[PDB]
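Remarks on the structure that follows.
By convention in this document, chain letters (A, B, ...) are assigned in the order of the sequence lines, proteins followed by strands, and residues within each chain are numbered from 1. Below, each value reflects all heavy atoms present in this structure, side chains not excepted, and no hydrogens, waters or symmetry copies.
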Amino acid sequence: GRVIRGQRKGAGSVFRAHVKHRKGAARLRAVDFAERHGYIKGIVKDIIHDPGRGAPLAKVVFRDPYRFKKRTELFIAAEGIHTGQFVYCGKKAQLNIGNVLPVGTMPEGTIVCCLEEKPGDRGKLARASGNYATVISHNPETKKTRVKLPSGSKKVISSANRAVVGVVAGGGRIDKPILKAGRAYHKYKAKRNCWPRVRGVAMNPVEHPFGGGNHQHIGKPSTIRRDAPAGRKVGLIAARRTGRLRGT
RNA sequence: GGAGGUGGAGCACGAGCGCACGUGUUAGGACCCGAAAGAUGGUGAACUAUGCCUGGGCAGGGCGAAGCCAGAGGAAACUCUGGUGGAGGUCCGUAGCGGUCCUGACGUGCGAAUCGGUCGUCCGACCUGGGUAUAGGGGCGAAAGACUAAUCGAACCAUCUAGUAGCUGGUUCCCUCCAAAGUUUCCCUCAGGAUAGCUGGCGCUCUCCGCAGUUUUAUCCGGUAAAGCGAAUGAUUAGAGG
RNA sequence: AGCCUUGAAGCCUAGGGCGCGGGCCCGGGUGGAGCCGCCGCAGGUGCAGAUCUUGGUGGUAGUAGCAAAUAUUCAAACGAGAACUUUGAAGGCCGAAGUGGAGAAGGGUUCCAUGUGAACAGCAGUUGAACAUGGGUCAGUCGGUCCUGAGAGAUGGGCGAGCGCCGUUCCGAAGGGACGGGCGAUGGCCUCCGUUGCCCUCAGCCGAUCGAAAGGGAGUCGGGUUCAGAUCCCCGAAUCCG
RNA sequence: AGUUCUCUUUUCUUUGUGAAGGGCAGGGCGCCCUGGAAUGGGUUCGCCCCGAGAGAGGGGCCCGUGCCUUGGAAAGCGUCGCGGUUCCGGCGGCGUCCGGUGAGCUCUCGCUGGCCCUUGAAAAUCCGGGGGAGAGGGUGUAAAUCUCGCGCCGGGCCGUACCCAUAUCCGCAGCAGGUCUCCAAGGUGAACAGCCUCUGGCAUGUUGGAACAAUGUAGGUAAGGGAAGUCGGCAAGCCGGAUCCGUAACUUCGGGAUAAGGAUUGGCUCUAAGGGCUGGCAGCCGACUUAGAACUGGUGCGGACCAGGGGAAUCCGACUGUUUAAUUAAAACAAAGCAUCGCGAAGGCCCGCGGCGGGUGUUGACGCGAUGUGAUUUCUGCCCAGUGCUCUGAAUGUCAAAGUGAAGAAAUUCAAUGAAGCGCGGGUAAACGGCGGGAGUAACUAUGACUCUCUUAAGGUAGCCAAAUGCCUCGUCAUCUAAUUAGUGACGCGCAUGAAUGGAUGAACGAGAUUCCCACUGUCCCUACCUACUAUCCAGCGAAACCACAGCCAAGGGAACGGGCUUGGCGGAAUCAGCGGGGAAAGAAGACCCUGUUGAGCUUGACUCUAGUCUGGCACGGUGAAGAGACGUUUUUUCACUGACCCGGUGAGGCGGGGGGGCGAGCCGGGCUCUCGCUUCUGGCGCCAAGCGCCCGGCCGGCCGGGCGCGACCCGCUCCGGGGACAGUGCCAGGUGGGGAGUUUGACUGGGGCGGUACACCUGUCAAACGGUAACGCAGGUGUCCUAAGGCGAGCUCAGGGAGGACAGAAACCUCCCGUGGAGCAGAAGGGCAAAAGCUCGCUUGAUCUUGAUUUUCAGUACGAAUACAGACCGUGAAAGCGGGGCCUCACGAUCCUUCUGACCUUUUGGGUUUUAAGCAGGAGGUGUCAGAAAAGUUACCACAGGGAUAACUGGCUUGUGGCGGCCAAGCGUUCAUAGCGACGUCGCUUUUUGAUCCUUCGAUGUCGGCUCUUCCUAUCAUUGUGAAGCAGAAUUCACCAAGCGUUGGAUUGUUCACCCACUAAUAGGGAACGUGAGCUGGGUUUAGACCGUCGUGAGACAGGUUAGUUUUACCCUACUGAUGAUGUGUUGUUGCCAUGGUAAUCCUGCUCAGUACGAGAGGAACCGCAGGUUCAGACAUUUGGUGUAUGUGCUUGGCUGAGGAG
Ligand SMILES: [Mg+2]
Ligand SMILES: [Mg+2]
Ligand SMILES: [Mg+2]
Ligand SMILES: [Mg+2]
Ligand SMILES: [Mg+2]
Ligand SMILES: [Mg+2]
Ligand SMILES: [Mg+2]
Ligand SMILES: [Mg+2]
Ligand SMILES: [Mg+2]
Ligand SMILES: [Mg+2]
Ligand SMILES: [Mg+2]
Ligand SMILES: [Mg+2]
Ligand SMILES: [Mg+2]
Ligand SMILES: [Mg+2]
Ligand SMILES: [Mg+2]
Ligand SMILES: [Mg+2]
Ligand SMILES: [Mg+2]
Ligand SMILES: [Mg+2]
Ligand SMILES: [Mg+2]
Ligand SMILES: [Mg+2]
Ligand SMILES: [Mg+2]
Ligand SMILES: [Mg+2]
Ligand SMILES: [Mg+2]
Ligand SMILES: [Mg+2]
Ligand SMILES: [Mg+2]
Ligand SMILES: [Mg+2]
Ligand SMILES: [Mg+2]
Ligand SMILES: [Mg+2]
Ligand SMILES: [Mg+2]
Ligand SMILES: [Mg+2]
Ligand SMILES: [Mg+2]
Ligand SMILES: [Mg+2]
Ligand SMILES: [Mg+2]
Ligand SMILES: [Mg+2]
Ligand SMILES: [Mg+2]
Ligand SMILES: [Mg+2]
Ligand SMILES: [Mg+2]
Ligand SMILES: [Mg+2]
Ligand SMILES: [Mg+2]
Ligand SMILES: [Mg+2]
Ligand SMILES: [Mg+2]
Ligand SMILES: [Mg+2]
Ligand SMILES: [Mg+2]
Ligand SMILES: [Mg+2]
Ligand SMILES: [Mg+2]
Ligand SMILES: [Mg+2]
Ligand SMILES: [Mg+2]
Ligand SMILES: [Mg+2]
Ligand SMILES: [Mg+2]
Ligand SMILES: [Mg+2]
Ligand SMILES: [Mg+2]
Ligand SMILES: [Mg+2]
Ligand SMILES: [Mg+2]
Ligand SMILES: [Mg+2]
Ligand SMILES: [Mg+2]
Ligand SMILES: [Mg+2]
Ligand SMILES: [Mg+2]
Ligand SMILES: [Mg+2]
Ligand SMILES: [Mg+2]
Ligand SMILES: [Mg+2]
Ligand SMILES: [Mg+2]
Ligand SMILES: [Mg+2]
Ligand SMILES: [Mg+2]
Ligand SMILES: [Mg+2]
Ligand SMILES: [Mg+2]
Ligand SMILES: [Mg+2]
Ligand SMILES: [Mg+2]
Ligand SMILES: [Mg+2]
Ligand SMILES: [Mg+2]
Ligand SMILES: [Mg+2]
Ligand SMILES: [Mg+2]
Ligand SMILES: [Mg+2]
Ligand SMILES: [Mg+2]
Ligand SMILES: [Mg+2]
Ligand SMILES: [Mg+2]
Ligand SMILES: [Mg+2]
Ligand SMILES: [Mg+2]
Ligand SMILES: [Mg+2]
Ligand SMILES: [Mg+2]
Ligand SMILES: [Mg+2]
Ligand SMILES: [Mg+2]
Ligand SMILES: [Mg+2]
Ligand SMILES: [Mg+2]
Ligand SMILES: [Mg+2]
Ligand SMILES: [Mg+2]
Ligand SMILES: [Mg+2]
Ligand SMILES: [Mg+2]
Ligand SMILES: [Mg+2]
Ligand SMILES: [Mg+2]
Ligand SMILES: [Mg+2]
Ligand SMILES: [Mg+2]
Ligand SMILES: [Mg+2]
Ligand SMILES: [Mg+2]
Ligand SMILES: [Mg+2]
Ligand SMILES: [Mg+2]
């Protein structure tokens, strides 16, 4: 057989991300003395559409505490922030939508977005439009916090991780039917070469495990073990169950 | 050390070595020509496939979404009527792009895919130039095993390589003499080999008793043809007397 | 002590013969320089075939054919020669999505003048994009040149038997610059200023480089002019940059 | 300048001003000031705007490509007129003028809106602003400075022609192909449509002349009919623009929709309405439109061009979109929607030989990655047994290396321990998939709600169906027709329907499949005519395919279909136009089929591996506390540490500790518990130090200028965080591993496959009286069994029968008699056997050890089996003897390797001892394909070498079967065998059935059916002439001579076949390579795409359905059709003969005979005559019809010649 499409996606080539018109990587501020010990002020200059991303991005301007300069940051825009608003980042910022605070200082039940996976990484969790994490509890002895992620998993993270108060803007996006293949053509023309998707059973056995046959059938179970070699790991990968999810 | 059996490619008064010529068998390109393949290293995205960058392009009509204006009705909710408006992977249809049927033309063509009428679509998942990216068990594929320079169910180039072929084709002067086999056994043996038989050549040991695809005379051997079933085995018809 | 310019090989021949045959001898002609008998040696040594190789030639056969896109005619000229060339006049066609006028890619002299009519232009030609002999492309302002794009690609580093490969800010002492100030040295319109060396002071760019004759990118227009060049030459009037 | 016969103050051409600067229109402003607005107002085609300031006034700015002006009239152009060397930017006159209009077209500038789960580059480069470090002069000879106006100098290098495409480029070429752009006139018209014209261009596309035959290619037209044609309406035809009217089912309310169906349309002359400017009015200007009316023509008018046929349904797919470049455009693919699955980053998925490598990722679960289904609507049932996937694990079977323990001289052996994985247990079907059988039963019959029973993991639920899925099958009923293998609607024990392997539906849509209806027609009945280009003939020019030699037939035989050969018929130069019978014509070493110890693509439960991946050990690999062990050391568990190692951030910018200061608490002002480090209202600003303290320099306490410190705490060893002795990496070991690699996937065989085993053996037969002897010949057996069923000895005698004896009988046991084996001897059969070879006892291990010879198969090899001996040991018997397996004929296995037994055995390499190892001899472990490879599929995506050794056509032999025909005569026929039939039997013929066979063809003979066309057979349906009937007539039946002439139109089906409708004299049957594809067609079959069912894990398969799928060449020879001609008659002509060859007419209706013969009646003929018709043939055009480019004559659309007229 030949190399299957899933195998070919890894080599880059025609499967690389379309990043020509993107505005930059969205991140928090790099952690420095002001955020470690106090707060720093910023002003929301603009809120912009980012090609390929559902959530809007906010362009925030800070003062440089060591040089006569203005620093432009590119944040995930929490819902409800507006241009000309002041946002504040640091240990002693106040609990307001759009401010950046360590999760250790936030009371239980706070709703946050663009949360750091590790202290200082500048925001990695709950960045998709409409999403957010929640604060469950703190352990000041171990200096750690328990948060609930948009997938529903609960994670233990360092209390020093920063986050933005509120939920990401642009929520409810998936509630609209696309209605058109052409509208899905445009959705992914901004993202990457992944659309449309041809089915495994619709190919020949040379390019897919499910291909071939005088009937379009899988022929073999579609739940494939976790350790199957690349080019065989297709279908339901390491599925714990299958069928209709009935119940809780 | 003896006697008596038995295994040896031995001894029993050498015959070898060297050189040359022929014939045969074989290892080598191996009598000559012939695969589908496999391997190594390289050249191609000027066609085409797909992503990206930067440019160009797409008459005239039909239908008439939301929004809005006015008049009418109504207790309210709101309803009705006439206009305005100009949406759409919307419709007819040009350029363009494509290529349904005639199973039309042509079929040593104009053409290694073209031509005519008729047809699909024609603001979009649209058409297109150049730039750039992906290279051969690799790419790329809205998926036909499609496309990847007239090459694709694995490109092209050189080499390995005069690849192997129990298989097809061919195999070049004269006269003279002799002259077959298609059968036995073994073989992943059944289009092939080895093996015995059948042939030829070289002789040599004798001769001018031996032998014989023959009969004769003796002497054995045999269970077929025929015959038999009022003889065994098997099969089978009719009466008769007890 | 072979043959041969008093004629070798080769070739041709309704000439005379020999041999069962393979073949050979002699005669005549052409030819123009070498060749053969016998004893031995050696072999890339004998063709009718292989859809054999290469070259040549037939019949087919003066045959298929020279039928896509409406169309030609009259007179004159040159000339050996005219259905096809030139001029004039008619009749037609393309019918501004052109059979018009200009470019890009590609070609590379095909462009222009004169000459030829051998070959080629599937009839002909007095004609041609053929052949021959000579010419023709002029820029601060139109492009390239510069920028970066998708991307490509060195160094540091890493990997690698190795040619090398990965990688493009990532494991890097990555600045050879500057207003100014202070110490000197040299010169000149020697008055005092330049230049120049060192020290002090100041200093993010953070990625060499390549990448578009359609993207970004200052500034040229009118008239005339040649066989062929012109927003380039000449005339006139301007303008950007330094 | 054109026209002017007539008219036309006419028609045509032409009638400029660059850049840059200045000015002014015009356009735009989300710009300013006054002011304060509801009775809200302003305002656009739409919008939209306002107390966050509308209207109204007055300003400002930006673009001004428009106009004026300098440029600049000097130039250019038009026209007229003069000169020259006359190849002069030659010189002169005049002119280059005044207005209108527009949803017009093209370009551009601007305003305003809509669309996006799409938001639509970067950089070089240039500019403005904020700040104020600095500099400049001291009132002048002014300075620093100036983005102002002039002036001065320079701008190097490379490209530049021309073509730019029915002849400059790529397709071998001047190739009907391909190849990116810019400008873009008048008329008609909605129009960049088509048609005509101007500017510009061209010469008909690599030649001309003359004809006007066939057959073509491309256009047309056809009376009457109207799909009867054909697989199928293929093709053509109909409709078509616009206005006015009108418009159904169904529907997702958007559509359907140009539904369907009507009417109108020309020309001319008018009427009305629809506006602008200046000053309810007046005047002056204007742009095309709409509506209405009269008149008018031979009812013609969207007059050319342009330009939808329609309706009722069924299947499939929602749609738009895409696709096999070059045979498949589709129902296939995609799609939105739906549902699953993995993953929280040291991660999921993937790349990569390699790493601190790479893609997703400029990403973060509303995400990325992997699958299935396929819009909406409605629903999606049961099954976790199987196969997968997944989850739990010291509780725990197996389990590698390493490590631990014991034995030993050690090698080594043994033991304990026990990672993953497997086993074990849960979950899971929108994972792959799956979802029964029998019997009885309701008061007629039928069904059978109901019951019993076997049964699996469920036993097919809702639905749906002869569906693209049902074999039987052309299912049954109904509808559609005259007639229907078609369609539709129902039915449903459904070979083999069914629920995201999605079931059912349903609007809109479709170059998708199918049926019917209206309309239309040359598809047809049934063909004809016309036009153009060919073909044709000529001048010029000029190939190629192909070719053993060739080219007339019948039969024969022959490699079974001859051009050649045999026997006959016969044969006459050279040619032209056609033609498609033959040359089993050409084209390509057959793709089908088989064989090959030839492949390749693909699959998997094949064999052997392998990347990756999971898992354990060793190393890098450290520090310290505890817990549990073992004897101060050492193993292990937990908890920590950091310094290796890893990760993240940053321009490595304030880290740890202490000091200093502020608010609180609290003990008797001080000490501490302990916390804090100066920014949160506003879409400002924020650096390059102020201040203070202390030193220093230069000049005259005063000026000028420097340095340090505090401001800005001190000390520190990793920049700051996060991990961390683990990730990870290196090397080993176990598991997984069609993701990938290589390879295999027997043979025989009346083709192969399936089936068998005739593959190694044995008995009887074949087998033809020695032996041998074949077939997928016939009847059978074999892979064992036996401590005795081996060996010896003795003693007995068996099967069966007769007759007797308590229970006792057909059969128990006892007795006598007969008994040649009719029993038994393990088994298949054949042979053999009676004081034995059988049965029963006693004793035994000759079934032991050993060398040779021989026999059988045979090559005179091996094995196996067997035969005589010889040497030992033995058994048995009194002994002779007999016995080294079974009474005989079968019962079995090389080399290499392993294992055992044997010797005071040999070797173990410099010697010696000892373990080990190797030798030598004999057994065993096994190859059954049995003289002995280690081995699964599929290919319709397929390949090569061959094969007529071998299948799929024809032909050939045969003729079982099929068909047809006799003979006998029991019967039938009321009677009566034979008018007509005919059993039980039996003899033939035929090659239009199917077989059987494999002779020809696999370097190819085109595979069904139809169409068309000719010919032949007779086994006769009709017709002519006849014979016989159970022949009264009529009708019918049987038979004879007999193939002259006929044997038809249709519905369903691809059909051959079949069936039905209808007409008819009749509706006979057949051959010609199952006649006929260089004759067609291509419906079926039979490539590649795709769907369904059944089957398969799968790739894939299916004499099962379904849909779409390239049909090549003639100019050669012959034959045939026509056309010139040839011989020789001296030449030449006219008129003739006819040898030979062809050959043709056919059948039916009416009237009359005649309501007659005949007959009870009912019914009901015939000959002769008369009048017509059918089929066929040969002509013909007076008539009717068709054609019509006489391009004949009217009419007419658009354009063109100024108009008329003529065109
Ligand atoms: Mg595979
Ligand atoms: Mg496919
Ligand atoms: Mg020999
Ligand atoms: Mg060779
Ligand atoms: Mg040899
Ligand atoms: Mg190989
Ligand atoms: Mg390209
Ligand atoms: Mg459309
Ligand atoms: Mg359309
Ligand atoms: Mg065709
Ligand atoms: Mg042709
Ligand atoms: Mg690759
Ligand atoms: Mg396929
Ligand atoms: Mg070769
Ligand atoms: Mg062979
Ligand atoms: Mg063998
Ligand atoms: Mg052979
Ligand atoms: Mg016998
Ligand atoms: Mg006999
Ligand atoms: Mg001669
Ligand atoms: Mg010479
Ligand atoms: Mg030689
Ligand atoms: Mg030769
Ligand atoms: Mg030769
Ligand atoms: Mg000719
Ligand atoms: Mg042109
Ligand atoms: Mg030109
Ligand atoms: Mg010529
Ligand atoms: Mg020229
Ligand atoms: Mg590189
Ligand atoms: Mg550059
Ligand atoms: Mg450029
Ligand atoms: Mg106002
Ligand atoms: Mg003038
Ligand atoms: Mg300032
Ligand atoms: Mg030029
Ligand atoms: Mg012409
Ligand atoms: Mg011409
Ligand atoms: Mg041409
Ligand atoms: Mg031509
Ligand atoms: Mg007609
Ligand atoms: Mg008619
Ligand atoms: Mg019909
Ligand atoms: Mg018919
Ligand atoms: Mg049609
Ligand atoms: Mg309709
Ligand atoms: Mg579709
Ligand atoms: Mg595509
Ligand atoms: Mg195709
Ligand atoms: Mg097609
Ligand atoms: Mg699924
Ligand atoms: Mg299960
Ligand atoms: Mg059911
Ligand atoms: Mg029909
Ligand atoms: Mg039905
Ligand atoms: Mg289900
Ligand atoms: Mg199914
Ligand atoms: Mg000619
Ligand atoms: Mg022949
Ligand atoms: Mg002869
Ligand atoms: Mg023929
Ligand atoms: Mg042929
Ligand atoms: Mg062959
Ligand atoms: Mg072949
Ligand atoms: Mg073989
Ligand atoms: Mg293979
Ligand atoms: Mg291959
Ligand atoms: Mg296996
Ligand atoms: Mg595998
Ligand atoms: Mg494999
Ligand atoms: Mg075989
Ligand atoms: Mg005999
Ligand atoms: Mg005895
Ligand atoms: Mg003995
Ligand atoms: Mg015995
Ligand atoms: Mg061996
Ligand atoms: Mg297939
Ligand atoms: Mg098949
Ligand atoms: Mg046959
Ligand atoms: Mg018969
Ligand atoms: Mg009787
Ligand atoms: Mg044969
Ligand atoms: Mg035979
Ligand atoms: Mg042949
Ligand atoms: Mg033929
Ligand atoms: Mg007869
Ligand atoms: Mg036939
Ligand atoms: Mg034929
Ligand atoms: Mg054909
Ligand atoms: Mg077909
Ligand atoms: Mg097919
Ligand atoms: Mg299945
Ligand atoms: Mg007439
Ligand atoms: Mg007429
Ligand atoms: Mg007129």
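- From the dihedral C1'-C2'-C3'-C4', which is positive here, one reads the pucker of C:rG88 as north, toward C3'-endo.
- Salt-bridge annotation for A:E73 and A:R27: absent, with no side-chain N of the basic residue lying under 4.0 Å from a carboxylate O of the acidic one.
- For A:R53, a side-chain nitrogen or oxygen approaches OP1 or OP2 of D:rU363 to under 4.0 Å.
- Going by the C1'-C2'-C3'-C4' torsion, the sugar of B:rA144 sits on the north side, since that angle is positive.
- For A:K69 against D:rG651, a side-chain-to-base donor-acceptor contact under 3.5 Å is present.
- Stacking of the aromatic ring of A:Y88 onto the base of D:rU680 is found: the ring centres lie under 5.5 Å apart and the planes are inclined by under 30°.
- A negative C1'-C2'-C3'-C4' torsion places the sugar of D:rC561 in the south, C2'-endo-side range.
- Pairing partner, C:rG21: none, since no Watson-Crick or wobble contact has both distances short of 3.5 Å.
- Taking the charged nitrogens against the carboxylate oxygens, A:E35 and A:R162 do have a contact shorter than 4.0 Å, which makes a salt bridge.
- In terms of the ring-ring contact (aromatic ring centres under 6.0 Å, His included) criterion, residue partners of A:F210 (sequence neighbours excluded) are, by chain and number, A:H208.
- If A:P177 and A:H215 are placed on RNA chain D by their nearest nucleotide, the residue sitting closer to the 5' end is A:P177.
- Judged by ring centres closer than 5.5 Å and planes tilted by less than 30°, the bases of C:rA76 and C:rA77 are stacked on each other.
- Base stacking between D:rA466 and D:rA467 is absent, since the six-membered rings fail either the under 5.5 Å centre distance or the under 30° plane angle.
- When the pucker is read from the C1'-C2'-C3'-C4' torsion, the sugar belonging to C:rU141 turns out south, on the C2'-endo side.
- In this strand, D:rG621 does not stack on its neighbour D:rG622 when judged by six-membered ring centres under 5.5 Å apart and planes inclined by less than 30°.
- Nearest-nucleotide positions on RNA chain D for A:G182 and A:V201 put A:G182 closer to the 5' end.
- Remark: A:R241 is not in phosphate contact with D:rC391, judged by side-chain N or O atoms under 4.0 Å from OP1 or OP2.
- Put simply, the side chain of A:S158 and the base of D:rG722 share no donor and acceptor less than 3.5 Å apart.
- Judged by atom type and distance alone, A:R199 reaches the base of D:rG374 through a side-chain donor-acceptor pair under 3.5 Å.
- Dashed line: the shortest gap from a side-chain N or O of A:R225 to OP1 or OP2 of D:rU613 is not under 4.0 Å.
- Here A:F33 lies parallel enough and close enough to stack on the base of D:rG654, with planes under 30° and ring centres under 5.5 Å apart.
- One finds a salt bridge joining A:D64 and A:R71 here, because a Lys/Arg side-chain nitrogen approaches an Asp/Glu carboxylate oxygen to under 4.0 Å.
- Side-chain atoms of A:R244 come within donor-acceptor range of the base of D:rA430, with a qualifying N/O pair under 3.5 Å.
- Between A:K189 and A:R183, the residue anchored closer to the 5' end of RNA chain B is A:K189, taking for each the nucleotide with the nearest heavy atom.
- Both conditions, centre separation below 5.5 angstrom and plane angle below 30 degrees, hold for the six-membered rings of D:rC316 and D:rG317.
- On the basis of its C1'-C2'-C3'-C4' angle being negative, B:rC208 carries a south sugar.
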